[PDB]
>>> print(open('target26.cif').read())   # mmCIF, N, CA and C atoms and all ligand atoms
data_data
loop_
_atom_site.group_PDB
_atom_site.id
_atom_site.type_symbol
_atom_site.label_atom_id
_atom_site.label_comp_id
_atom_site.auth_asym_id
_atom_site.auth_seq_id
_atom_site.Cartn_x
_atom_site.Cartn_y
_atom_site.Cartn_z
ATOM 1 N N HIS A 1 0.852 -1.225 0.000
ATOM 2 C CA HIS A 1 0.000 0.000 0.000
ATOM 3 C C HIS A 1 0.858 1.233 0.000
ATOM 4 N N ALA A 2 0.192 2.344 -0.258
ATOM 5 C CA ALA A 2 0.811 3.647 -0.254
ATOM 6 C C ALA A 2 -0.227 4.654 0.113
ATOM 7 N N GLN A 3 -0.808 4.412 1.273
ATOM 8 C CA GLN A 3 -1.822 5.266 1.857
ATOM 9 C C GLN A 3 -1.786 6.645 1.265
ATOM 10 N N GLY A 4 -0.577 7.072 1.093
ATOM 11 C CA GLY A 4 -0.290 8.383 0.539
ATOM 12 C C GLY A 4 -0.747 9.449 1.510
ATOM 13 N N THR A 5 -1.104 8.994 2.696
ATOM 14 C CA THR A 5 -1.547 9.862 3.773
ATOM 15 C C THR A 5 -0.614 11.019 3.929
ATOM 16 N N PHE A 6 0.533 10.834 3.355
ATOM 17 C CA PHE A 6 1.575 11.824 3.414
ATOM 18 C C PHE A 6 1.798 12.487 2.072
ATOM 19 N N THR A 7 2.249 11.704 1.135
ATOM 20 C CA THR A 7 2.498 12.211 -0.215
ATOM 21 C C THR A 7 1.189 12.503 -0.924
ATOM 22 N N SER A 8 0.105 12.463 -0.168
ATOM 23 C CA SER A 8 -1.215 12.718 -0.732
ATOM 24 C C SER A 8 -1.306 14.117 -1.290
ATOM 25 N N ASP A 9 -0.212 14.829 -1.200
ATOM 26 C CA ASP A 9 -0.161 16.185 -1.692
ATOM 27 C C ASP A 9 0.548 16.223 -3.036
ATOM 28 N N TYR A 10 1.760 15.673 -3.065
ATOM 29 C CA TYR A 10 2.545 15.627 -4.289
ATOM 30 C C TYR A 10 1.920 14.640 -5.265
ATOM 31 N N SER A 11 0.889 13.942 -4.797
ATOM 32 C CA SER A 11 0.202 12.955 -5.616
ATOM 33 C C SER A 11 -1.218 13.409 -5.942
ATOM 34 N N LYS A 12 -2.006 13.678 -4.906
ATOM 35 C CA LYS A 12 -3.384 14.114 -5.111
ATOM 36 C C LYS A 12 -3.432 15.623 -5.339
ATOM 37 N N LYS A 13 -2.885 16.378 -4.387
ATOM 38 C CA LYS A 13 -2.869 17.834 -4.485
ATOM 39 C C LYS A 13 -2.397 18.459 -3.182
ATOM 40 N N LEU A 14 -3.359 18.832 -2.347
ATOM 41 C CA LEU A 14 -3.055 19.455 -1.072
ATOM 42 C C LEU A 14 -3.212 18.445 0.063
ATOM 43 N N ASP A 15 -2.475 18.653 1.152
ATOM 44 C CA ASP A 15 -2.545 17.750 2.301
ATOM 45 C C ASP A 15 -3.146 18.458 3.511
ATOM 46 N N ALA A 16 -2.652 19.658 3.796
ATOM 47 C CA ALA A 16 -3.141 20.427 4.935
ATOM 48 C C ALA A 16 -4.593 20.846 4.726
ATOM 49 N N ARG A 17 -5.210 20.369 3.648
ATOM 50 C CA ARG A 17 -6.603 20.714 3.375
ATOM 51 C C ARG A 17 -7.451 20.448 4.613
ATOM 52 N N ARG A 18 -7.306 19.252 5.174
ATOM 53 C CA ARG A 18 -8.043 18.892 6.380
ATOM 54 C C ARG A 18 -7.481 19.663 7.563
ATOM 55 N N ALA A 19 -6.616 20.628 7.263
ATOM 56 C CA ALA A 19 -5.990 21.426 8.301
ATOM 57 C C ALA A 19 -4.922 20.596 8.996
ATOM 58 N N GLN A 20 -5.350 19.458 9.540
ATOM 59 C CA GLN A 20 -4.458 18.537 10.238
ATOM 60 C C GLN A 20 -5.297 17.594 11.079
ATOM 61 N N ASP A 21 -6.496 18.058 11.414
ATOM 62 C CA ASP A 21 -7.427 17.273 12.203
ATOM 63 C C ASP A 21 -7.613 15.900 11.576
ATOM 64 N N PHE A 22 -7.099 15.742 10.365
ATOM 65 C CA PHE A 22 -7.212 14.474 9.666
ATOM 66 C C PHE A 22 -6.861 13.330 10.611
ATOM 67 N N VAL A 23 -5.848 13.553 11.446
ATOM 68 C CA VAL A 23 -5.421 12.535 12.399
ATOM 69 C C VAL A 23 -6.626 11.979 13.146
ATOM 70 N N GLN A 24 -7.615 12.834 13.374
ATOM 71 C CA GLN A 24 -8.825 12.421 14.074
ATOM 72 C C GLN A 24 -9.738 11.645 13.132
ATOM 73 N N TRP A 25 -9.602 11.911 11.835
ATOM 74 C CA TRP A 25 -10.423 11.232 10.833
ATOM 75 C C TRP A 25 -10.598 9.759 11.194
ATOM 76 N N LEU A 26 -9.481 9.050 11.345
ATOM 77 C CA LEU A 26 -9.527 7.633 11.697
ATOM 78 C C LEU A 26 -9.233 7.449 13.187
ATOM 79 N N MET A 27 -10.028 8.113 14.021
ATOM 80 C CA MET A 27 -9.848 8.020 15.466
ATOM 81 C C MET A 27 -11.147 8.361 16.190
ATOM 82 N N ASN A 28 -11.719 9.514 15.859
ATOM 83 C CA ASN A 28 -12.963 9.945 16.484
ATOM 84 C C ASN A 28 -14.164 9.453 15.683
ATOM 85 N N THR A 29 -13.902 8.609 14.691
ATOM 86 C CA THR A 29 -14.969 8.070 13.857
ATOM 87 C C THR A 29 -15.438 6.720 14.391
HETATM 88 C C1 LIG B 101 -7.751 15.844 -1.590
HETATM 89 O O1 LIG B 101 -8.723 15.551 -0.895
HETATM 90 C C2 LIG B 101 -7.122 14.812 -2.524
HETATM 91 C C3 LIG B 101 -8.207 14.058 -3.298
HETATM 92 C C4 LIG B 101 -8.759 12.914 -2.438
HETATM 93 N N1 LIG B 101 -8.507 13.195 -1.034
HETATM 94 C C5 LIG B 101 -9.028 12.467 -0.067
HETATM 95 O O2 LIG B 101 -9.429 11.315 -0.232
HETATM 96 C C6 LIG B 101 -8.699 12.991 1.314
HETATM 97 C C7 LIG B 101 -7.433 12.331 1.886
HETATM 98 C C8 LIG B 101 -6.502 11.775 0.791
HETATM 99 N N2 LIG B 101 -6.931 10.435 0.384
HETATM 100 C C9 LIG B 101 -6.959 9.422 1.253
HETATM 101 O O3 LIG B 101 -7.885 9.256 2.048
HETATM 102 C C10 LIG B 101 -5.948 8.302 1.012
HETATM 103 C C11 LIG B 101 -5.213 7.967 2.319
HETATM 104 C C12 LIG B 101 -4.928 6.460 2.401
HETATM 105 C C13 LIG B 101 -6.125 5.750 3.040
HETATM 106 C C14 LIG B 101 -6.035 5.851 4.568
HETATM 107 C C15 LIG B 101 -5.442 4.557 5.130
HETATM 108 C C16 LIG B 101 -5.266 4.685 6.649
HETATM 109 C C17 LIG B 101 -4.204 5.745 6.973
HETATM 110 C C18 LIG B 101 -3.325 5.253 8.128
HETATM 111 C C19 LIG B 101 -2.260 6.310 8.444
HETATM 112 C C20 LIG B 101 -1.151 5.690 9.302
HETATM 113 C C21 LIG B 101 0.012 6.678 9.436
HETATM 114 C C22 LIG B 101 1.255 6.093 8.758
HETATM 115 C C23 LIG B 101 2.374 7.141 8.735
HETATM 116 C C24 LIG B 101 2.251 8.009 7.478
HETATM 117 C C25 LIG B 101 -5.077 11.732 1.335
HETATM 118 O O4 LIG B 101 -4.536 10.643 1.415
HETATM 119 O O5 LIG B 101 -4.634 12.748 1.844
HETATM 120 C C26 LIG B 101 -8.108 11.592 -2.842
HETATM 121 O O6 LIG B 101 -8.043 11.336 -4.034
HETATM 122 O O7 LIG B 101 -7.931 10.762 -1.968
#
>>> encode(input="target26.cif", output="C-alpha cells", more="lines below")
Ligand SMILES: *C(=O)CC[C@H](NC(=O)CC[C@H](NC(=O)CCCCCCCCCCCCCCC)C(=O)O)C(=O)O
Amino acid sequence: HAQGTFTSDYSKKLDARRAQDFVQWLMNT
C-alpha cells in the first residue's frame, strides 16, 4: 500500500486541506 496519507499532496494535491485534524479522521470516527 501507499496510503499516501503523506504524499497525498505531491500525488493528489493538497494535504493540509483537512488542516491537520485528519489525524482524528480515523480516530474519532
Ligand atoms: C484531496 O482531498 C485529494 C483528493 C482525495 N482526497 C481524499 O481522499 C482525502 C485524503 C486523501 N486520500 C486518502 O484518504 C488516502 C489515504 C490512504 C487511506 C487511509 C489509510 C489509513 C491511513 C493510516 C495512516 C497511518 C500513518 C502512517 C504514517 C504516514 C489523502 O490521502 O490525503 C483523494 O483522491 O484521496
>>> resolve_selection(input="target26.cif", expression="the PyMOL selection byres (((not hetatm) and name CA) within 8 of (chain B and resi 101))", output="compact mmCIF listing (two decimals) with N, CA and C atoms, keeping the file's coordinate frame")
# COMPACT_ATOMS: atom_id res chain seq x y z
N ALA A 2 0.19 2.34 -0.26
CA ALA A 2 0.81 3.65 -0.25
C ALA A 2 -0.23 4.65 0.11
N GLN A 3 -0.81 4.41 1.27
CA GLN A 3 -1.82 5.27 1.86
C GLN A 3 -1.79 6.64 1.26
N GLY A 4 -0.58 7.07 1.09
CA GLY A 4 -0.29 8.38 0.54
C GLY A 4 -0.75 9.45 1.51
N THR A 5 -1.10 8.99 2.70
CA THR A 5 -1.55 9.86 3.77
C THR A 5 -0.61 11.02 3.93
N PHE A 6 0.53 10.83 3.36
CA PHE A 6 1.58 11.82 3.41
C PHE A 6 1.80 12.49 2.07
N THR A 7 2.25 11.70 1.14
CA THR A 7 2.50 12.21 -0.22
C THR A 7 1.19 12.50 -0.92
N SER A 8 0.10 12.46 -0.17
CA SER A 8 -1.22 12.72 -0.73
C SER A 8 -1.31 14.12 -1.29
N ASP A 9 -0.21 14.83 -1.20
CA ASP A 9 -0.16 16.18 -1.69
C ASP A 9 0.55 16.22 -3.04
N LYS A 12 -2.01 13.68 -4.91
CA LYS A 12 -3.38 14.11 -5.11
C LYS A 12 -3.43 15.62 -5.34
N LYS A 13 -2.88 16.38 -4.39
CA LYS A 13 -2.87 17.83 -4.49
C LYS A 13 -2.40 18.46 -3.18
N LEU A 14 -3.36 18.83 -2.35
CA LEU A 14 -3.06 19.45 -1.07
C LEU A 14 -3.21 18.44 0.06
N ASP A 15 -2.48 18.65 1.15
CA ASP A 15 -2.54 17.75 2.30
C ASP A 15 -3.15 18.46 3.51
N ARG A 17 -5.21 20.37 3.65
CA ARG A 17 -6.60 20.71 3.38
C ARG A 17 -7.45 20.45 4.61
N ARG A 18 -7.31 19.25 5.17
CA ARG A 18 -8.04 18.89 6.38
C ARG A 18 -7.48 19.66 7.56
N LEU A 26 -9.48 9.05 11.34
CA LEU A 26 -9.53 7.63 11.70
C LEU A 26 -9.23 7.45 13.19
>>> select_by_dssp(input="target26.cif", residues="chain A", states="helix (DSSP H, G or I)", output="list in words")
residues 16, 17, 18, 22, 23, 24 and 25 of chain A
>>> atom_distance(input="target26.cif", atom1="atom CA of residue 28 of chain A", atom2="atom N of residue 1 of chain A")
24.2 Å
>>> axis_aligned_box(input="target26.cif", around="segment 1-17 of chain A", padding_each_side="5 Å", output="JSON")
{"center_x": -2.5, "center_y": 9.8, "center_z": -0.5, "size_x": 20.0, "size_y": 32.1, "size_z": 20.9}
>>> atom_distance(input="target26.cif", atom1="atom CA of residue 10 of chain A", atom2="atom N of residue 29 of chain A")
26.1 Å
>>> build_atoms(input="target26.cif", residues="segment 1-24 of chain A", atoms="N, CA, C and O atoms", output="mmCIF file, in the frame of the given file")
data_model
loop_
_atom_site.group_PDB
_atom_site.id
_atom_site.type_symbol
_atom_site.label_atom_id
_atom_site.label_comp_id
_atom_site.auth_asym_id
_atom_site.auth_seq_id
_atom_site.Cartn_x
_atom_site.Cartn_y
_atom_site.Cartn_z
ATOM 1 N N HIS A 1 0.852 -1.225 0.000
ATOM 2 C CA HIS A 1 0.000 0.000 0.000
ATOM 3 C C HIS A 1 0.858 1.233 0.000
ATOM 4 O O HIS A 1 2.058 1.182 0.269
ATOM 5 N N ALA A 2 0.192 2.344 -0.258
ATOM 6 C CA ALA A 2 0.811 3.647 -0.254
ATOM 7 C C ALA A 2 -0.227 4.654 0.113
ATOM 8 O O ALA A 2 -0.475 5.604 -0.628
ATOM 9 N N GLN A 3 -0.808 4.412 1.273
ATOM 10 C CA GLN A 3 -1.822 5.266 1.857
ATOM 11 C C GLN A 3 -1.786 6.645 1.265
ATOM 12 O O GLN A 3 -2.802 7.280 0.988
ATOM 13 N N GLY A 4 -0.577 7.072 1.093
ATOM 14 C CA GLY A 4 -0.290 8.383 0.539
ATOM 15 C C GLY A 4 -0.747 9.449 1.510
ATOM 16 O O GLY A 4 -0.750 10.638 1.206
ATOM 17 N N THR A 5 -1.104 8.994 2.696
ATOM 18 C CA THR A 5 -1.547 9.862 3.773
ATOM 19 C C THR A 5 -0.614 11.019 3.929
ATOM 20 O O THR A 5 -0.924 12.028 4.565
ATOM 21 N N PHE A 6 0.533 10.834 3.355
ATOM 22 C CA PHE A 6 1.575 11.824 3.414
ATOM 23 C C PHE A 6 1.798 12.487 2.072
ATOM 24 O O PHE A 6 1.556 13.681 1.901
ATOM 25 N N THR A 7 2.249 11.704 1.135
ATOM 26 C CA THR A 7 2.498 12.211 -0.215
ATOM 27 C C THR A 7 1.189 12.503 -0.924
ATOM 28 O O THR A 7 1.162 12.754 -2.129
ATOM 29 N N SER A 8 0.105 12.463 -0.168
ATOM 30 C CA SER A 8 -1.215 12.718 -0.732
ATOM 31 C C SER A 8 -1.306 14.117 -1.290
ATOM 32 O O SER A 8 -2.353 14.535 -1.790
ATOM 33 N N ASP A 9 -0.212 14.829 -1.200
ATOM 34 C CA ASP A 9 -0.161 16.185 -1.692
ATOM 35 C C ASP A 9 0.548 16.223 -3.036
ATOM 36 O O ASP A 9 0.006 16.721 -4.023
ATOM 37 N N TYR A 10 1.760 15.673 -3.065
ATOM 38 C CA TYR A 10 2.545 15.627 -4.289
ATOM 39 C C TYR A 10 1.920 14.640 -5.265
ATOM 40 O O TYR A 10 2.365 14.508 -6.406
ATOM 41 N N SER A 11 0.889 13.942 -4.797
ATOM 42 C CA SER A 11 0.202 12.955 -5.616
ATOM 43 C C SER A 11 -1.218 13.409 -5.942
ATOM 44 O O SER A 11 -1.592 13.511 -7.111
ATOM 45 N N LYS A 12 -2.006 13.678 -4.906
ATOM 46 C CA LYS A 12 -3.384 14.114 -5.111
ATOM 47 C C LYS A 12 -3.432 15.623 -5.339
ATOM 48 O O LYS A 12 -3.952 16.092 -6.350
ATOM 49 N N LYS A 13 -2.885 16.378 -4.387
ATOM 50 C CA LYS A 13 -2.869 17.834 -4.485
ATOM 51 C C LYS A 13 -2.397 18.459 -3.182
ATOM 52 O O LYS A 13 -1.198 18.610 -2.946
ATOM 53 N N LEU A 14 -3.359 18.832 -2.347
ATOM 54 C CA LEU A 14 -3.055 19.455 -1.072
ATOM 55 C C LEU A 14 -3.212 18.445 0.063
ATOM 56 O O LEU A 14 -3.988 17.495 -0.051
ATOM 57 N N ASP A 15 -2.475 18.653 1.152
ATOM 58 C CA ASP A 15 -2.545 17.750 2.301
ATOM 59 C C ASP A 15 -3.146 18.458 3.511
ATOM 60 O O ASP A 15 -4.034 17.923 4.177
ATOM 61 N N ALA A 16 -2.652 19.658 3.796
ATOM 62 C CA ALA A 16 -3.141 20.427 4.935
ATOM 63 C C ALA A 16 -4.593 20.846 4.726
ATOM 64 O O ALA A 16 -5.150 21.588 5.535
ATOM 65 N N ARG A 17 -5.210 20.369 3.648
ATOM 66 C CA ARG A 17 -6.603 20.714 3.375
ATOM 67 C C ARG A 17 -7.451 20.448 4.613
ATOM 68 O O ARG A 17 -8.202 21.313 5.061
ATOM 69 N N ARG A 18 -7.306 19.252 5.174
ATOM 70 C CA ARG A 18 -8.043 18.892 6.380
ATOM 71 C C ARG A 18 -7.481 19.663 7.563
ATOM 72 O O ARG A 18 -7.805 19.383 8.717
ATOM 73 N N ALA A 19 -6.616 20.628 7.263
ATOM 74 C CA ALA A 19 -5.990 21.426 8.301
ATOM 75 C C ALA A 19 -4.922 20.596 8.996
ATOM 76 O O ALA A 19 -3.753 20.971 9.022
ATOM 77 N N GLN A 20 -5.350 19.458 9.540
ATOM 78 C CA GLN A 20 -4.458 18.537 10.238
ATOM 79 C C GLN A 20 -5.297 17.594 11.079
ATOM 80 O O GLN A 20 -4.882 16.481 11.405
ATOM 81 N N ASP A 21 -6.496 18.058 11.414
ATOM 82 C CA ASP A 21 -7.427 17.273 12.203
ATOM 83 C C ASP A 21 -7.613 15.900 11.576
ATOM 84 O O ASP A 21 -8.210 15.001 12.174
ATOM 85 N N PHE A 22 -7.099 15.742 10.365
ATOM 86 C CA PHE A 22 -7.212 14.474 9.666
ATOM 87 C C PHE A 22 -6.861 13.330 10.611
ATOM 88 O O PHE A 22 -7.490 12.272 10.587
ATOM 89 N N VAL A 23 -5.848 13.553 11.446
ATOM 90 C CA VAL A 23 -5.421 12.535 12.399
ATOM 91 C C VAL A 23 -6.626 11.979 13.146
ATOM 92 O O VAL A 23 -6.658 10.802 13.503
ATOM 93 N N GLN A 24 -7.615 12.834 13.374
ATOM 94 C CA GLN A 24 -8.825 12.421 14.074
ATOM 95 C C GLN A 24 -9.738 11.645 13.132
ATOM 96 O O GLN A 24 -10.547 10.827 13.572
#
